[PDB]
Structures are given as C-alpha cells and as structure tokens.
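Form deposited in one PDB entry, single chain, as structure tokens, below.
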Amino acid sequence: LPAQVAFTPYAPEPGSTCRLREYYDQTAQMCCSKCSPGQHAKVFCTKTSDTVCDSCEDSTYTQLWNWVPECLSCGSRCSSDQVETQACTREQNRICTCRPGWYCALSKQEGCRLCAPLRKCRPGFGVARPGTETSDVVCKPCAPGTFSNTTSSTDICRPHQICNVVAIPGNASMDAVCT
C-alpha cells in the first residue's frame, strides 16, 4: 500500500465508518481488521497492532467475517437416525435433519438433535393434526358415519358410503356394505 491509503489500525475521522472488512474496536478506539470466515481473532487489535487472524481447527468454524477469540464448535456428528444436510467445515456449522416419516423431537436453531418416528393412526383412527418438521401426528377415533381402514400417518377419517339398504353397517374401521 502507498502512503495515501490508511492501514488498520487507525482512528476514523469524525463522520466516518470503518471499511468493509473492518470493525470499530471500542477498547482500542480504532478501526481494526475483521477475520474472514474460516479464521478467528487469535489476538485482538491494539492502538498500534492489527488483529491477528488464525485458521479454525477441524470441527470448529466461523461463518461470518468476525472477531471472535476462538472458532465456534460444530454441532455433534449426526446419529444414524439422522441425515447430515450440511457438512461441518471451517466456514459453516453441521446441520442434521430427520428423514421423512420422522419429526424432530428436540429441535436446534438449525436442524435437529433428536428425531422420532411419526405415529401411525391404526384402523378406526384418523389423522387429526398432520405431522410437521417438529411435531408428531395427532390421531383421533373416527366418529360414526366415518372410518379408517388403514394404519397410516396421513390417512384421515373418511365418510361411509351412503346407501338406503344396509347389508352390513359401517364402523370406525370399515365402510358400510350396501345391498
């Protein structure tokens, strides 16, 4: 850099902000370098020395331009029930998710730390609230006039067929049989 261009650390002039890759450090009262994603501030800047940025170690990360004193820990490796939808790298956290047919029983800010299988509503029972990424299916018993003849996390209680002359009446798990 030539003499024209100010290097970090420097005090910003009245009416200024720091540059794009810089932050204003309140202890030094100076503009100081941020560290890139994948690095952290091993040493904070002073009035005469800039930030010292070092690389993150494996299983730690920083996702943003930063001045953290240590990199953040990645979440634990996913268990065999889960799917790793984002790998742990020096620049991003690990993300674990649940498979279809499962919900997240213990949720993280991103992803899941404990998955559980969705309940299946047996014959005579239908879905009352469908499963969501973070909540189990809720079942209900089918009321007269309706039925469910399946074991299913999605099938609802559906109406009996109509007919005037009933050979075998419908119940909660089977349709009416009509003469």
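Think of the rigid core as the biggest set of C-alphas that the two forms share within 1.5 Å after superposition. So that there is no doubt, residue numbering starts at 1 and follows the sequence shown.
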item	value
Mean C-alpha temperature factor, higher of 164 to 172 and 8 to 16	8 to 16
Mean Cα B-factor comparison, 67 to 75 or 96 to 104, giving the higher one as deposited	96 to 104
Residue with maximal Cα B-factor (values as given in the PDB entry) among 56, 43, 114, 28	28
Criterion, highest CA B-factor; candidates, 151, 60, 33, 39	151
Ranked against its chain, the third holding the CA B-factor of residue 84	middle
Within-chain third of residue 136 by Cα B-factor, per the entry	middle
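The same protein also exists as the form deposited in another entry; that form is not shown, yet it is the one meant from here on.
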{"item": "Post core alignment: residue 142 C-alpha displaced by 2 Å or more between the shown form and the other one", "value": "yes"}
{"item": "CA of residue 117, rigid core aligned, shift of 2 Å or more between the shown form and the other one", "value": "no"}
